[PDB]
Structures are given as structure tokens and as C-alpha cells.
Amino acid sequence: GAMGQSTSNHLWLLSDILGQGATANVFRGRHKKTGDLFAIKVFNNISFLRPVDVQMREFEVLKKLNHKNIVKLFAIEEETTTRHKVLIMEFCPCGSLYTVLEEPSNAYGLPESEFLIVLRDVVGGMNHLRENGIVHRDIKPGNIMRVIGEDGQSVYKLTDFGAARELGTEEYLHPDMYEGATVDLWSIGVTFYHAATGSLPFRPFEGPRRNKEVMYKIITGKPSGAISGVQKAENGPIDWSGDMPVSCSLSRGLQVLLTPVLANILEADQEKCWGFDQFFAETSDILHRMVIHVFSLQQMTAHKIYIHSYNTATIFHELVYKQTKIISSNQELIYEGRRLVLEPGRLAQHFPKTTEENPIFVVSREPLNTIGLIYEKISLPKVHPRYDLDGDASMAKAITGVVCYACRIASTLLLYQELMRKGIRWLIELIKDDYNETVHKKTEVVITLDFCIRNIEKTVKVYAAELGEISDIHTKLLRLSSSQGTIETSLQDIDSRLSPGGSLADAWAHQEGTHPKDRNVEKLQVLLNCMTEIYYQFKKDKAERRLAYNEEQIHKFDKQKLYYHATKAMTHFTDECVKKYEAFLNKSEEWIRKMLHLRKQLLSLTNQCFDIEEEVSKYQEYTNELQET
């Protein structure tokens, strides 16, 4: 209950403070008449700078400017007493991209869906600024607002641009600006890398302090297209990389497209840098693509193939080969219990409905190594007995982010196993289908044969050289009957292999790994909830800047409680989730080999049935079609 400023139609408390900037501040405020929430932007220190004439039109420009990706400026009013210039802005309750990246769940990067939303809204908003001719240069997660749309999905809105006339962020600065639309793409690139990785691209050991002199020497090199550079020791060598880290939660399909984009917008040289049209063209090319989910049983890996709606199954096979290394003519698709056949010129529009939980399976003929999920093994940071509020808050974010990652990995392990179980069941049903068809071909052959041998035996029965002619056939057809007999038996051996408890049964898989009923992920989430609660409390303890004797000891206790929670989670993750996954993968390799062996043998047997089929067509007309007047 303290004093707050106010304007003829609006009012707000100074206690309610949204963001702090150099020129102005932003407060959570309400309209006087309707009581609706608005972001009130109050200029701090105005006097020398302010123009009645110029800034009038400057604000009159941003007013009528309207878009989905840009925060709406509704009006320009004066504070009641001080007559300060006050902007009435659209309020965004969810905060900004920074607020999103501060969540430990996004410590190692945004989810794929959410990252694409960011890429979409940012590009669209930045492009709308291009169409007006206004430059930003200051694009940072802090000035990228976030709201909840009608459809529940996040919508990102740009803010605070054009201060480059009347008047970039420190780690978002371009090397030369650190010392032209290139500077825009740089802040964009660092932002995009931050959203995908959960970390800045270029990090010195000390940090963005006085010792940030190293940062410039880091940015200066600009080697290759490398998208990141980090020194892991005080004043030492720099580790460069032109690829996303392992902890990244984006798909391989998305990374292959994203890496070049970040590579060309992140360098000092104006020679190798892009332009907004080129950038827009490449980014929009990524956003226009639909996603087909494909699980490779061979390697036990999930894949997101990014395809345009108008592309064909030809380019589809190529992309699948690019990820799974399976040759286009070796890819055998399976969808919902049955194999799937695609015409080489069939469009991507009419592809079957796909989800991560229901992908197009891919089994091959050529043997393949089971890779499984590749993730970065991350362990808990050491916890100090030190009482530092800032240190406790930062550590709380880090250690929770580690558990969030492990929880993420665990959720994927279960998905891989569950898909591995579905694909195996469909495959054995498909192999059973193949056995039945081969049996049908054998029944035809044996009928044709049994009919050719009887007709010839009836020929010698009723009605010198002739008995010699018919005897070659007797010897020939007998050899075919014996071979057909053996084939008939070894096929029943394959049926004995396909029978329940046949040594190719899928009984093992349910046994080997983890199941949704184990509720492993939910157990991690429980501990993650306790940790995230203690985390947000440590944030509020940081905000106070001090604590009472009571809250001091409660803080010291929950800090040790935060540790025991994390250790409990990681122990459960490694002992229960990982181990059972490993064993499932090991027993998956063996079944695959046995499965590949069986299919090869069945193929040979099927080929042999075709051979005896085409060899009895050359005899059933041989003596039965004898000629005379």
C-alpha cells in the first residue's frame, strides 16, 4: 500500500514493475474506466532529449503500426503531475523469451515445437520491421515478449526498436559494433543459438566481466562457419564447433537445416554474411516443411524428416537415407500393422498421418548396427556450504536443469522401447504373412506336380522308345517331388520358429526394459517439482537481498534438501531407467540378427518354389500335347 503514478485514463503502482531500461521503465498498470491491464512505459530522465514536434510523429508512427509479432502501442499520454511522456503498451503477462529460458526445463534448449514458434514469430516480426525500414539491432531474449494465443500456443512479439536515431545487447553485439543489416542478423543468430542450446555461443572462462577482453579475441577469429567457441580454462585455448552440442533437444532433421543458417549469420566478414531476404528465404524454407516421423528398427532411432508438401517419395527416401544410411531401394516401410508401399512420384500431401508415437517404421535387408539414443551424460554440479543468495539461486537453476535433462532423456528412452515393441510385433505379423503366401505358392506347385505325374502315370498305364521318353519325365518329376517335399518340411520349421516360444518370439522385450506402468518419468517429475519449488523460492530470496534469521536457516535447509532430491533423481535415472534400457538394446541386437537370418532363408525357399513352378511348365506340355492326325 504505497504511492504509484497515474495519468488521466490510467493508473499504476511503482511496486509493480515489469522491466527496467535505460531510457524508460515499464509498469503493470490498469485503465481507470475499464480496469483492463496495460503495459505503461514511463520515460526516465527526459528533458534535454525530448522533442514536442519530432517525437510526436515518431510515436504517431508506432501507434497505427499493427501486427501479430509486434507489441501494440495504443496511445501516448502525459503523467498527471510530472507531465512525463507515457506510452500505453499492450501487456504481456507471460513475460519474455528470457523468462522462458530462465526455466530449468529449458536449461539445455527449448523444445522443438517451441523453438520453431520462436523462429517463426521472430522472423515474421523482424521482416515486418524491414518492410517499414526500421532497424532494431538490439534483438535480445529480454525484448522478445511472449503471450499465450487463443490456440494455446505461444506467440512472440518484438518490442523496443528505433532508438538508434534520437538517442545491441552486450553478448549479442556484432564484433564491429562491439568495437548495415548485418548487426541485426548477429543478435538474431546469438538469440537463436541461445534458444536452441540454452547457452550463449561464445563464452570466456571468467565471463562477461572486466575479463571480457577475451570475448573479443574469441569473436575476432571467425574461423570457418563455426557457430560457437568456448574456453574451458582461465585465459586459455578456445574450443570451436560448427555443430550443435549433444545436450540439444532438437531433431537431427532440424539441426541439419538450422546449422547452416546460424553459420552464415554469425561472422565478422561482410563477404560471407547473409541479407534479410536470403535469411528470410532460408528460414521460411525451413518453416514451410511438414514433418514425417520415422523409426528405424535396425538402429533403434527416431527421426524427424523435414519435407515440403509437394515433394515426392523419391526425395523422401533420399532424406531417410541421409539420416539412417539405408539405401533407397532397401527401405521397407511399415505402418499400423501392415507394410506400406509408396509410388516413386507420390506427393507428400497424401502421406499417412504421423506422430512420434505412431511413425512409419523402417526395416532393412542389409544388416545394421543398433545405435539407440545418443545423449550427453550430464552430472550434478558441486554444491557449496556457502550462504550466498545469488550463488544458491544460480546453483538451484543449474542443478534442476540437469535433472530436467535427465527426465527428458528418460521420457525418450521409454518412447524408443515402446516403439521398438510395436515395430517387432508388426514385423513378426508381416513375416507370418510372407510365410503364408509362400505356402500358397507351394500348394499350387505341388498340385501342378501331383497332376503332371498322375497324368503321365496314367499314360503308361493305358493304351521300346516311348517307355524311354516317359521314363526321363518319371525321373525328372520324381526329383522335383522330393525337393518340393524337403522345402515343404523346412518351411514347417520356419513355422515352428514363428510359433509362440519359437525362439523368435517377442516375449523378451516386454521383460528386458522399462514400461509406462513403471511410472519412472512421473517419479522424476515429483522430485523435479520439489526442486523447482525450492528453486523459485531461492529466486525470491535473492530478490530481497537479505533474509531474517528464520528464513536464513530455512534457506540453508532447503539447499541441502535440493541436493538430496537431485542425487535421488540421478541415481534413479541411471540405475532404473538407463540400465533397463541398455539391456533392452542388447537383447534387441540378437533378435534382429535372428530375424534377418530367418527372412533370408524364407526368401531362398520362396525362390525355390518359383523355380520348381517354372520348371513344371516345361513338362506339363511335354507329352500330353503329343501330335497326330
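Heads up, when I say rigid core I mean the largest set of C-alphas that superpose within 1.5 Å between the two forms. Numbers follow the displayed sequence, beginning with 1.
Q: In 5 other deposited structures of this protein, superposed on the rigid core, which stretch sits farther off in Cα RMS terms, 98 to 106 or 440 to 448?
A: Output: 440 to 448, the stretch lying farther off on average in 5 other deposited structures of this protein.
Q: Using the rigid core for superposition, please say which stretch has the greater CA deviation in 5 other deposited structures of this protein, 203 to 211 or 306 to 314.
A: Comparing 203 to 211 with 306 to 314, the larger C-alpha deviation in 5 other deposited structures of this protein belongs to 203 to 211.
Q: Are coordinates for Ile424 absent from at least a third of the other PDB entries that model its neighbours?
A: no, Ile424 modelled in all other entries.
Q: Across the other PDB entries of this protein that were compared, is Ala464 absent from at least a third?
A: Yes; at least one third of the other entries leave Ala464 out.
Q: Please say, as none, 1 to 3, 4 to 9, or 10 or more, how many residues of the deposited sequence are without coordinates in the interval between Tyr549 and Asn550.
A: Nothing is missing between them.
Q: Which fits the stretch between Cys94 and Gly95: none, 1 to 3, 4 to 9, or 10 or more deposited residues lacking coordinates?
A: The entry has no gap there; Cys94 and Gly95 are joined directly.
Q: Looking only at CA atoms, which has the higher mean B factor in the entry: 322 to 330 or 101 to 109?
A: Averaging CA B-factors over each stretch, the winner is 322 to 330.
Q: Looking at the deposited entry, does 79 to 87 or 552 to 560 carry the larger mean Cα B-factor?
A: The recorded data point to 79 to 87.
Q: At the C-alpha atoms, which of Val439, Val122, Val261, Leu116 reaches the highest B-factor in this entry?
A: Highest C-alpha B-factor among the listed residues goes to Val439.
Q: In terms of recorded Cα temperature factor, pick the maximum from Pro500, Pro359, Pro201, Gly149.
A: So the option with the highest C-alpha B-factor is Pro500.
Q: Please say which third, lowest, middle or highest, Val341 falls into when its CA temperature factor is compared across its chain.
A: As the PDB entry reports it, the C-alpha B-factor of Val341 lands in the middle third of its chain.
Q: When the modelled residues of the chain are sorted by Cα temperature factor, does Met290 land in the lowest, middle or highest third?
A: Middle third of the chain for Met290's C-alpha B-factor.
Q: Of the three thirds of its chain by CA temperature factor, lowest, middle or highest, which one includes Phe48?
A: It belongs to the highest third of the chain when residues are ordered by C-alpha B-factor.
Q: With respect to C-alpha B-factor, does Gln55 fall in the lowest, middle or highest third of the chain as deposited?
A: It belongs to the highest third of the chain when residues are ordered by C-alpha B-factor.
Q: In terms of the chain's CA B-factor thirds, is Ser604 lowest, middle or highest?
A: Middle third, going by the recorded CA B-factors of the chain.
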